[PDB]
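What follows is one chain in structure tokens, specifically the form deposited in one PDB entry.
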């Protein structure tokens, strides 16, 4: 009777046809699917709930099941004729109609306006602007560590590692700009959908985690000033491989779920997160929650604790003259890294959380969902913009941070 119960019946019986031996097992599973499809056709989905049945989107919902019943009948005729393997092969087309429903009515397909007025759009233009700016500033930091500075100092190792993680992350921007321009048509294959997808997640986490390491190292330098006096930076050689391995382990679900799947309504081959279709909404909300916790929640708490910790040790001294001037300058540099992390990542994680609620069934309003969809590529751009801000805050401007920290300590 219920829409959730009807789609559970449709998915469970699709697996039965695959495991079926004779025509009787195929006929039984198709009849159960035929009854569930006509029952779901009568029901109203959580999305577009406050809409009349005469509406074109409601007419399209009923028509979606008319294609499904028509496809069931074609396979049922082969099953009634004795053709077992032919009916099972015909039942593979039902999976395409099933995937069309999860993309349109469970996803943002029916809400967001599909027609795209692509004529040198702002997204590919802004993506290439951030690319060349970010690539040029990060190349300077990488080339400086190679033949202009050296491999000395604890903090300096993290500067180079953050610059490499940022450079490789910004290097993926021309791919996404081309991917956007072709109306989400992945022209690299299902193998490169996993490769580029994981490479993006790996370098993104490596960037975020090295920012976290910088905050911990900056905090440790204040509370324990004896650490900088140490001739040997023993922990640095073990922290760097651990962070890269943590970024690799975090990019594992990306390598497992990313795959090129055909979008039935758009008529495009998109590199999407191919979760099990029977529990697609649950997986989409779970991974979106994982994005917020691991990529924003845990690092922001670490970055803030380190900032308030430096503020606690500095403000209790009650300085006068140049000691007060140099103190305030250190506090402005320490606040700049926490502020830049918020401005650049908060819009994305808020929209990711709002999108997670849309999958669960909390946000069903198409007006809200349409805004989330068009704002998302701009929010993604802000995440990449953090990689352009990083060389300035840590290498260029943040070079006098260690000198001013040694000035207040004398």
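Residue numbers count along the first chain shown, from 1.
We do not show the form deposited in another entry, though everything after this point is about it.
Among 107, 209, 166, 200, only 107 lies at the hinge, the spot where C-alphas switch from fitting one rigid part better to fitting the other between this form and the one not shown. Between residue 368 and residue 117, the Cα distance is smaller in that other deposited form than in this structure, by no less than 3 angstroms. A shift of at least 3 angstroms pushes the Cα atoms of residue 19 and residue 262 further from each other in that other deposited form than in the displayed structure.
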